[PDB]
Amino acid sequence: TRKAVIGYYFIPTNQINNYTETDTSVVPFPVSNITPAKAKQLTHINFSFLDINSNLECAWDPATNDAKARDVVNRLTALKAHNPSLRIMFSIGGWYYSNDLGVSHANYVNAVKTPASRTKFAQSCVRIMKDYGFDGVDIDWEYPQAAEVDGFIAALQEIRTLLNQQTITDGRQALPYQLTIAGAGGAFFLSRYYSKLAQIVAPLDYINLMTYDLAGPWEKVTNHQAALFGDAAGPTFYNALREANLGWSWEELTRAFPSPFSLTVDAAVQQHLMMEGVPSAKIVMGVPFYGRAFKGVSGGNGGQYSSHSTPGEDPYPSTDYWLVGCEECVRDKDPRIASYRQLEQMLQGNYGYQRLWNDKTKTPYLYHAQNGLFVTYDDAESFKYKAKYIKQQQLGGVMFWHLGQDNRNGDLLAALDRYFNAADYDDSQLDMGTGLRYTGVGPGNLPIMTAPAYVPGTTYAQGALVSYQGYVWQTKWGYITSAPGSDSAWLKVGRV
């Protein structure tokens, strides 16, 4: 089955209200940039971002010119002529609107609070979808907390019920309306709802992991923002998931959540796979089409793992644009983020940047020795490894933020489609490296094992293995006279 290729298409209210396809200074990446060729390479385009208003309904930003908005959306849906499988989804949320201290955070918390709020909100999502011509709903709340999770789950289930009905009513069996959410790609934010993962994903077609920004200006030392695997020389982190409300024993928590660990894409995928009831096919691996820049770094190792002087605050509290050669940075007033397009041009010029490669993380990085700069990003080469990983792990596909950051030739997007679909591309011999793999083992990813059937009335010594009710269990200590599942002395270690 075809891997999903989900591209976010983010467009600010100011750019919609002044939309044009002839002046990159106002609209840097208009829909016209998405040619029939590229439209064919994508499976989904996530139009971003919409919000939830104080009336607890889905809605466009208040400053949005609805007429312009409809026209932009129409240009996107127009792309479906070139790709019968293409879906134009819309995303609700994002950082600015939904983070704990974001402008509409309350609306999110409130909208999922009651059976009645959830119904009104669910109805509004479907209504927005049909009124503007979208093909599904994406929810990007960053991120619901433990006490809001049950409500969040109930709202998703409600939306699923409505979309399914709408699909039948519209005869959309060939391209059913979908529901997805952007999920945290790092243990810290993931810890907020991790315990109810199975329930969160049940009503979804896909959970799109934000497996990037795993390094930022808020971090102590510069690091790769989306390393596939771990680099023993890079920083390690506290495994926040051992603190999720899972209800597991110390033994269980410990084997699933090594701490500290390397904050990697592999870690995030495996952490999701460890949960029972989370199918790999619904997991989509996100990749970034932008890089994160650090200044004041110490040379010595390409600039990796060094202290820096990058303002981690948001917005960027300065007019100092230190990312040399990045006009985009001055334009958007922030030298900490740069699109792959800009970065490519930065390498194209002299600017004194050197592109290095980390064979453990399987990702590239830029280093500017003269100004002590470090840029972590991804490219067509790092994508080969991520694509192979997605196939090996039988994930649902890839997602990326965001389309408007690819180069004019659409090389990053073309690479992703090529690695999954080209008849003449073969990665069977691609060397995945020796980077550190996440070693955690949980209920959802237990090894297949065999063992004698547990026998009631038998006394087991420490370390004994038995099969009972589908799994293979091991005794944690000796003189065990009770059954697996009834005596806390048994540890589930294998399946089948």
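Numbers follow the displayed sequence, beginning with 1.
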Is the mean CA B factor in the deposited entry higher across 43-51 or across 463-471? 463-471
Got a sec? Mean C-alpha B-factor, which is higher, 176-184 or 115-123? 115-123
Comparing C-alpha B-factors across 410, 171, 279, 300 in this entry, the winner is 300
C-alpha B-factor winner, where the candidates are 166, 382, 195, 354: 354
Assigned third (lowest, middle, highest) for the C-alpha B factor of residue 480: lowest
The third of the chain into which the C-alpha temperature factor of residue 160 falls is the lowest
Lowest, middle or highest third: which one holds residue 421 when the chain's residues are ordered by CA B-factor from the entry? lowest
Ranking every modelled residue in this chain by its Cα temperature factor as given in the entry, which third contains residue 91? lowest
What third of its chain's C-alpha B-factors does residue 4 belong to: lowest, middle or highest? lowest
